Structures are given as C-alpha cells and as structure tokens.
There are 4 protein chains.
Amino acid sequence: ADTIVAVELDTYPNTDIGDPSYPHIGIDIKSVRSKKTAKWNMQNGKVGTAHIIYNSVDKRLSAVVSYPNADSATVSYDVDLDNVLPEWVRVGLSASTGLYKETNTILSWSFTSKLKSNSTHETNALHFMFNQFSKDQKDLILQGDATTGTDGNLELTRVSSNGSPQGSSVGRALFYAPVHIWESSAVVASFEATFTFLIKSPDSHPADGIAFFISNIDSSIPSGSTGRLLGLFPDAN
Amino acid sequence: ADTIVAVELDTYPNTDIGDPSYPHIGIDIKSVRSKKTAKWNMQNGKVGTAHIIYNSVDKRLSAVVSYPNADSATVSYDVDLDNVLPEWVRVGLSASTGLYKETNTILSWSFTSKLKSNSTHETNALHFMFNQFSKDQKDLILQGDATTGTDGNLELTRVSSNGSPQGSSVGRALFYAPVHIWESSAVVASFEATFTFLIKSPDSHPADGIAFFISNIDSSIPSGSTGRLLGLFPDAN
Amino acid sequence: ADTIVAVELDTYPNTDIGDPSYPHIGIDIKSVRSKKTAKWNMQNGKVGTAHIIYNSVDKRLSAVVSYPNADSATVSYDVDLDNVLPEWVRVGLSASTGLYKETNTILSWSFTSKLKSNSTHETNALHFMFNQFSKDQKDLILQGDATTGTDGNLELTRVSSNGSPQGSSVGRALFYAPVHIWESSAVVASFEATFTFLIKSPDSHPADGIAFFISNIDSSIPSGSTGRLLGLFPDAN
Amino acid sequence: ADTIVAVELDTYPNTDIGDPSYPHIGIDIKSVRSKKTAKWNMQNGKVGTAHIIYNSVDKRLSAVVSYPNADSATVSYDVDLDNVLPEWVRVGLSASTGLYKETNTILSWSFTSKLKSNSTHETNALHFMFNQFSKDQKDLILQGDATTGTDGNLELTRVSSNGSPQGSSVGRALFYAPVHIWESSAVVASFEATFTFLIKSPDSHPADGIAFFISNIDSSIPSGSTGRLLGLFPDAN
C-alpha cells in the first residue's frame, strides 16, 4: 500500500529483522530492513540534530546525525527517488515505542524543497520552519498519538503527565501541503530536512526510534506498526 | 460571512461604488470600497509586478505596483491585522471580468510569512514560490474559473482557446496550507507577497481587476461577486 | 566626519546628555541624543534579542528588544534613510564601557538587505548569518577592543581571562562587504538585522550599551568615544 | 601560485591540451586539463543557465548547464574540496577570448554557502544575488577587462561600443567578502552557485569560455592566461 522512503534513527537492535547490534541510523527504501546503516552513539536525555539532503543530479540521499561536543554519524545511499516515489508526496516525522520505550520529542523541524526548471529564472520552492508549536497546529496532520503544544514541542509518542514515556505507542506528523518533487522540465530538484529531537528513556535499552519519511500523500499508520516497525511499515519484510 | 483583507488592482472605475475615475490600486479591509487608493497607470498587454508588505511593529500594510521602465504606484494603510483577521488564514489571488473584460494571468507568485518569538533563536516561517505551473497543481485550491498549466501560467478568469478573455468570469487560487499570522509569544510577525501578472484586453475599458487577499481558511467565492465585486465581496457595502 | 544611523541599547542613564532615567532603547540619527527612546527593562546576565527592520515604502526604522519569558520593548522612528546615508554603507555592532562596565557579548548576528527593481524578477540581495565565530573571522573588520573566538562569541569590549568586564573599553565589528541600500531603479529597498547579546556586569549600574549601526564604508571609532558616546559619536551634540 | 577549482564552459576545442572535439563543460581541479568533461551543445546568442552544487557529505561537485526548451548537459566529479582549497576562499566568474572571440556576458549571479555546526541551531551562512548591476559595483573585485553597468550586465571580456566582442581579452569578477568553506566543528558544509550568461559571437568558432571558480583570496589573473587558459591557469599543464 504506502510508498515509504525514510531515514531512521533506530534506538533498539532487532537483529532478527536485520538491525546491527547497536543503535544505528539507516536509509529505508520501502522496507524496515535498511538498505544502508551506520552505528549511532545514541545519547539518552540529550538534544540531537539530524540533517537529511538529496538532489536529482547526484541521486544520493545522505544523513548526518550529531549531538553537541560529539562526533557525528553519517550514512548515504545511491537512489534515484524519481523511480521510487510519486511526484507529489507528503513529508513527516514518525516514532514508536514497543515493550521498551522512550520519549520521542521534536523541538524544531525545517524542510526545503526546490525544482529548478530549464526556463531562465524559474524556481519553484517550498520552505517551512517550526521552532515552536501550537496546541492547534493547523498546518500539520497529526496521526496516532502525536500531540503538539507540550512545552511548545511536538510529542510523537504518548508521554504521561509526570513526563514518562509510554510503551506500545506510535505517532506521526506530516506537513499539510503536498510537496512536488519532480516536474518534466526540471534540471535539478533538491530537498533538505533538519530536525532536533530529545530521546529520553528511564531504561537502559530505549526503543524504538524516530524516522523522517516521505510518502504518498494519503499515507496513514499501517496496522500493527508499533515497536520495531516504526509507524511506517506493515511488516518486517 | 468571510473576513477579507485585500490589495486590489482595479482596472475599471465604478465611481458609483466609490472608485476614483481612473485605474487604481487600493486596500480593502472587509469592503469593496477601498480604505485607501492611488492612481495606477495600467498598461494593457504588459507584465506588471505587485509587492505587498506588512509587519506587526508598524501595523502598516503597503503595496507597490510597477511595470518595466515606468514609475511605480504605491498605497499604504495603518491597520492592525490582529484585530481584523483570525490567527490562521489562507492567502490567495482572485480576479473577475463583468460586462467589460480582460485576461487575468498570473505568471509567478511568492509569499513569505514569519513569526518571531521572544524565545531565543525561535522563528516559525512559511515560504512558497511558484514561477511555473502544473496542470495538477496539488498545493493550490482553485475556485471558480481559475485553471493552471496554460503556458505554465495560472489563469484566474476564463480565457478561450484563441487567447480571448471572457466576460462575467470570476476565479481564485489559494495556497493549500493554512498560514499562521499571530501567536501569543510573538514579538514580530511579518509577511511579504509578490506576483507578476499580464492584463491584456482587446477593449479600451478593461475590467475588473486582480486582488491579492487574505481570508479565513474556509473562504469561498461569494454568490454574485463577478464584475466589480472582484470575487471577494457579496455586496457593494 | 562619519554618517551614523544606530539603534542603541543603552544601559546607563546620562540624563545630562538627554537620556531618560532608566535603561532605554533609542534611534540615533547622526547624534547620541536619540530621536526617539523607550524604557528597556535590562536583565543582567540574560541573553536578549534585538530585531531591527526598515523599508523604503514606509520609511520607518523600528526595533524590538526581548528577553525570554518577558515583555518586549519597541521604538520606531519615521526617517527616510536615502536622505541620511550614502548608497553604499557598511553595517556593524559597537559597544563601550566607561567608569562603570559590563561584558558586551554577541552570540549571533544576521542581516539581510534587498533591492527590488522595477524590472521583472530582478532582486539584488545580501544575507549573512553568524551563529559561531572564529578566531580568524576574515569577513568581519574588528576595530578597537573587539575580538572573536572566545567561546565562539564575539566580544565587543575587553573582557579579562577570569571573565571580568573592563572599563574604558570600546570595540566595533563591521561586515567586510559594502552593503548597497539604494539604486535608481529600485521600487522597494528593505533590510532586517537580528542579534543576540549577553550583558553581564558585577555592578548595580552597568554601562554603557550596545548599538547596531550603519555608517559610511570607511567609518572608524571616533577619538574619545568610550563610555557614553558608544564608539559611534565624537561628541555629545 | 593560486589554488583554483573551476567549472568551465568551454566553447573552443583545444584538443592539443586535452579538450574533446566539441564545446564541453568540465571540472578543473588545479589544471586546465579537466578532470571530467561532458559535451555541451552551446547555443550562440541565447541566454543559458549554469547551476553548480557541492556538499561535504557526498564530496561530489556537480554542474548542470541548460538553455530554454533544450536538454541539459551535466558533469560531476568526486572531490573532497577540504583537501584542495584553503578554508577561506573567494568565488568569482572568469572569461577569455583569444584569436577567435565571443561576448562573455553575465546577466545574474547568486551564491550561497552554509556551515552547519554540531552545536544545536548553529548555522553560519552567506548569500548574495545580483540580478542587476551598477557601474560602481563596490562589492565585486573586477580584474582585467571585466566591467559592470553595461545594460545592468557584467561584461567579463571587452566588448566595443557597437556590441562587438574583442579578441585576446580576459576578465574576472570576485565577490568582495572572503567565503568560509570549512570550520573544525562543522558536520555539513555546502555551497550552491547559479549564473546566467549570454555568449554571442559573429564567428562560426567562438572562443574561449566562461568559468565559475573558487580560489585562494588574493588570486589574480596569471600572466598570459588569455585564450585557452581562461584567465585561471598560468600554463597548459
């Protein structure tokens, strides 16, 4: 059903479905079994930053994850997204917890998309930036357990009053307007996404992760996609 | 019903409903009878450019209209939009023809909106730019006779195959995502809009005009708003 | 000699040279005696933010100063800068201490300038943003005691090893490239500046202030402009 | 002496110094003998557009050249610029004519550079855009025969009154401020450059080309670099 391309920040090693034995970042092209991963030194309770970049000339989707005063993790994959996704997509953030849990908090999110035509001085662009939310964030579609406005933050999975992360929770937030990622006359198409997140768990093995994704416009949370399937995939294939 | 703030480029003088005796640009706060106007030297068949700017510190909505190698027309009005509009709005372009007519073509449109909070490094922003359209422009809501894709342009009123403008036509295009123009913690809110247009009429008295507007999110074309009411107002009050 | 337009954040009341009896923000057009002031509730040791905006249609220079979780101070002045400044200027930050002192630290600085011509799709723009400095910041001209690189910050007045502010100190930082603020064919010219600052003083009466300024390109610190003259004016006239 | 990285649009085939037998675009890393080329279908008298992009995660410098209603030419090269260039550079445009000639006119030029640190919300950016020039363009360093202001255009090689291109001419324009392309704490560094150009020659074999380049800050035109050496290299090695 849904066409998903995602960059995941996966905190729990489900080695049975192909994860490496550590926290890792990965690029998922239509399956939870990442096409490419890298070890990520996840820091419990610290704000991190993820940068995702792509352009139609190189056809390389790359991601860099960093924490203050630390070395970065980075992963890249050669993929032409014109052959994977529809030309109109929606972009969003998704997260889950399963038996083990964590808060999946989003403190800011920006995205830029550009289509540069072969006509002179002809650029089509979309850009949004959220450094603060609203309880009534009318330009986000919130799905599952995601809520906005808690300390001006976006909470992708259920967090109870006392600040505790809840298990078996899944939530997603997608920007309202469709995003145009191809047009026939375009010489270069590019996008850039950045988000900062706070993953805090009282456990020694937090789970499950955060993912930035791009899907077909009508995408909704697949049934049973809590825990390891990150709110993105119906199964582990 | 709808809350409309608009900057109009009015090509026909309906002096009976308060227009001056010439083409003019004006600022309409909830009524077709402009709060402020200026003479506009309309050029038939030339591409013009309109720039509209506003910010919450000055509370002045100003507009500048220019044509290549010509002097500009400019109009300004002191108005606090937090006291006129809802905090979530949609923005768009509207046009009509009546007994006299003209093509109301839009060749590009950009908009930027910014909410800067009192928190440090906290800006929320939306920015779109259309230098080219699509027949299937999924991030625009097209109403009435507006169509996209004709020479990559947006045609706000009906134009027949041979390029001729049709009379009694009204059309509007609004960007899909709601726009947030106030929040409680904001120290400055601003927006900026620019569009280029081509008004071509085979008549000596073209009618009726183009307007950039900001309305409540569910705004739709009022019944009977062709001709002088620009697709914006239900009546001439 | 130098042509100075500045927005000052003045921490010490030199009522003898016209200050009000409190910390205040003011707009100086070629003299230290502000054309317009507003009371500013200065917070010792907190990071504040200043936003300065101007455009050639309204001809209003306005400034908003805020601290987290506090109400803002704002001041505005009707002034046409085409009649005060040359068309090529440099922009910068300046600060001083006198007998009383304070740290004048700059943690980030961004500026944008735009000249929009009457020709279609013709915008000339300059934009810089510094969220971090360098010991060797080659695109800043540092004058007097200003230094860069101390905790990635810009220190406009002398601070000794142990973190203490020094008295009788004056420093300025200007961006390297000239800025073009008028051209004959421009229909709208605008600029926007933002900076965050930390004023920390161990005294109950800190002095003297920070100012954002725009000057002629070859401007340098006037002789004797420590203390109340903010590194900007040769005298108190 | 100078460290040059350039993307050239080479109109004349000097097959003796390694050019292919056709107009071509190429990536030069410190030598006129391109590391990589692609056939370019040069159109005499038409305005073209060049887009150059690079980022420190992929380490791929790519360029796309297009003309209206035509197919694009594109060339890419894997190169880590931190190992080739200094961390402070200047960027510019260069062109030459030799025995055969052409006008090398620049109608617009924009550049963006970004350094994103591992600190949260810490981006340093420079952005300029020239859609129009000035006879007194004080933020460009013009070298050799380059002049500004002729029809608001930048003329990189000598053009005489009647509009004719002159032979044996070389000129360069560099933006005034140094550009910072690396810093120790940066997780991603990127830049983007775009320019539109008009190459018009009354000859059947125009020469020599236009190049976008990045050099050390004090770079100046090497002696004898007219014709095939594009104003960039001292020799053909």
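Backbone-built Cβ (ideal geometry, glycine too); neighbour counts: all protein chains shown. Every number here is computed from the coordinates shown, using simple stated rules; none is lab data.
How many residues are surrounded by fewer than 22 Cβ atoms within 10 Å (Cβ to Cβ), among the charged types (D, E, K, R) and in contact with a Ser or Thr (Cβ under 6 Å, 6 or more places away or on another chain) if we restrict to region A:194-221?
So the answer is 1.
Out of the residues in region D:81-109 that are over 30 Å from D:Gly167 (Cβ atoms) and not acidic (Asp, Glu), which is surrounded by the fewest Cβ atoms within 10 Å (Cβ to Cβ)? Walk me through it before giving the result.
Pass one, region D:81-109, residues over 30 Å from D:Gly167 (Cβ atoms): D:81-89.
With the extra rule that they be not acidic (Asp, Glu), the set shrinks to D:81, D:83-86, D:88-89.
Details: D:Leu81: 19, D:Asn83: 7, D:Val84: 14, D:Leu85: 19, D:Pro86: 14, D:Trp88: 17, D:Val89: 24.
Among those residues, the one meeting the criterion is D:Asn83.
Residues C:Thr123, C:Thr49, C:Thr112: which one is of a type outside the set (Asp, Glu) and buried (at least 21 other Cβ atoms within 10 Å of the Cβ)?
C:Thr49
Only one of these conditions is not met by A:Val64: (1) touching a residue at least 12 places away in the same chain (Cβ under 8 Å); (2) surrounded by fewer than 21 Cβ atoms within 10 Å (Cβ to Cβ). Which number is it?
Exception for A:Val64: condition (2).
Tell me the residue from C:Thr11, C:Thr3 that is closer than 30 Å to D:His121 by Cα, of a type in the set (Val, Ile, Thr) and in contact with a strand residue (DSSP E or B) (Cβ under 8 Å, 6 or more places away or on another chain), please.
Just one listed residue meets the conditions, C:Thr11.
Pick from region D:95-117 the residues that are among the β-branched types (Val, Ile, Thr) and more than 9 Å from chain C (Cβ to nearest Cβ): which of them is nearest to the chain's Cα centre (by Cα)?
Step one: list which residues in region D:95-117 are among the β-branched types (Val, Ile, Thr), which gives D:97, D:103, D:105-106, D:112.
Within this subset, residues satisfying the condition of being more than 9 Å from chain C (Cβ to nearest Cβ) are D:97, D:103, D:105-106.
Working: D:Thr97: 15, D:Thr103: 15, D:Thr105: 12, D:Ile106: 11 Å.
Top of the filtered list is D:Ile106.
Could you please find all residues in region D:46-77 being over 20 Å from D:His180 (Cα atoms), in a strand (DSSP E or B), within 9 Å of chain A (Cβ to nearest Cβ) and of a type in the set (A, V, I, L, M)?
Those that are over 20 Å from D:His180 (Cα atoms), in a strand (DSSP E or B), within 9 Å of chain A (Cβ to nearest Cβ) and of a type in the set (A, V, I, L, M): D:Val47, D:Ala63, D:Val64, D:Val65.
Looking at A:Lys138, A:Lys101 in this structure, which one is within 21 Å of B:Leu115 (Cβ to Cβ), assigned to a loop (DSSP other than H, G, I, E, B) and not small (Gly, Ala, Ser)?
Residue meeting the stated conditions: A:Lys138.
Output the number of residues of region A:150-187 satisfying the condition of being more than 13 Å from chain B (Cβ to nearest Cβ), buried (at least 21 other Cβ atoms within 10 Å of the Cβ) and either over 14 Å from the mean Cα position of the chain (by Cα) or assigned to a loop (DSSP other than H, G, I, E, B) (or both).
6
Yes/no per residue for (1) in contact (Cβ under 8 Å) with a residue 40 or more places away in the chain; (2) surrounded by fewer than 18 Cβ atoms within 10 Å (Cβ to Cβ):
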site: A:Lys30; (1), (2): yes, yes
site: A:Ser34; (1), (2): no, no
site: A:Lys39; (1), (2): no, yes
site: A:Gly45; (1), (2): yes, yes
site: A:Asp58; (1), (2): no, no
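Return the only residue of D:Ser219, D:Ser223, D:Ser190 being free of Cβ contacts under 8 Å to residues at least 60 places away in the same chain and either within 18 Å of D:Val5 (Cα to Cα) or assigned to a loop (DSSP other than H, G, I, E, B) (or both).
Every option except D:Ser223 fails the conditions.
For region C:196-209: of the residues being within 12 Å of the chain's Cα centre (by Cα) and within 14 Å of chain B (Cβ to nearest Cβ), which is nearest to C:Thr11 (Cα to Cα)?
Filtering region C:196-209 for residues that are within 12 Å of the chain's Cα centre (by Cα) and within 14 Å of chain B (Cβ to nearest Cβ), the one nearest to C:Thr11 (Cα to Cα) comes out as C:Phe197.
Determine if region B:118-126 includes at least one residue that is touching a strand residue (DSSP E or B) at 6+ places or on another chain (Cβ under 8 Å), within 24 Å of B:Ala63 (Cβ to Cβ) and not basic (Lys, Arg).
Yes, because at least one residue in region B:118-126 is touching a strand residue (DSSP E or B) at 6+ places or on another chain (Cβ under 8 Å), within 24 Å of B:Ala63 (Cβ to Cβ) and not basic (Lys, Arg).
Please find, within region A:23-45, the residue that is nearest to A:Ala236 (Cα to Cα) out of those that are in a strand (DSSP E or B) and touching a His at 6+ places or on another chain (Cβ under 8 Å). I'd like the intermediate steps shown before the answer.
Let us first name the residues in region A:23-45 that are in a strand (DSSP E or B), namely A:24-29, A:36-39.
Next cut, touching a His at 6+ places or on another chain (Cβ under 8 Å) only: A:37-39.
On the way: A:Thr37: 16, A:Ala38: 19, A:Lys39: 21 Å.
Checked region A:23-45; the qualifying residue nearest to A:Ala236 (Cα to Cα) is A:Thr37.
Does any residue in region D:1-13 that is in contact (Cβ under 8 Å) with a residue 24 or more places away in the chain come within less than 6 Å, Cβ to Cβ, of a residue that is small (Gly, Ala, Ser) and outside any strand (DSSP E or B) six or more places away or on a different chain, and which pairs are these?
D:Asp2/D:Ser219; D:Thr11/D:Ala207; D:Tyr12/D:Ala207
Taking only region D:78-91 into account, find how many residues are part of a strand (DSSP E or B) and within 11 Å of another protein chain (Cβ to nearest Cβ).
4
Could you check how many residues of region A:193-216 are assigned to a loop (DSSP other than H, G, I, E, B) and either closer than 30 Å to D:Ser76 by Cβ or touching a residue at least 12 places away in the same chain (Cβ under 8 Å) (or both)?
Final tally of qualifying residues: 7.
Quick check, is D:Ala193 of a type outside the set (S, T, N, Q), out of contact with any helix residue (DSSP H, G or I) (no Cβ under 6 Å at 6 or more places or on another chain), within 14 Å of another protein chain (Cβ to nearest Cβ) and under 16 Å from D:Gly26 (Cα atoms)?
So D:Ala193 passes the test.
Looking at region B:13-25, is at least one residue under 25 Å from B:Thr105 (Cβ atoms) and within 14 Å of chain C (Cβ to nearest Cβ)?
yes
Do you know which of the residues in region C:127-149 that are more than 10 Å from chain D (Cβ to nearest Cβ) and without any contact (Cβ under 8 Å) to a residue 60 or more places away in the chain is farthest from B:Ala50 (Cα to Cα)?
Filtering region C:127-149 for residues more than 10 Å from chain D (Cβ to nearest Cβ) gives C:135, C:141-149.
Going one step further and asking which of them are without any contact (Cβ under 8 Å) to a residue 60 or more places away in the chain, we end up with C:135, C:141-142, C:145-149.
Numbers: C:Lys135: 44, C:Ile141: 38, C:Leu142: 40, C:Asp145: 46, C:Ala146: 43, C:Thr147: 44, C:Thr148: 42, C:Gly149: 44 Å.
So the residue we want is C:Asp145.
Regarding C:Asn124, is this residue in a loop (DSSP other than H, G, I, E, B), over 22 Å from C:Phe233 (Cβ atoms), in contact (Cβ under 8 Å) with a residue 24 or more places away in the chain and not hydroxyl-bearing (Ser, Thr, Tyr)?
In short, no.
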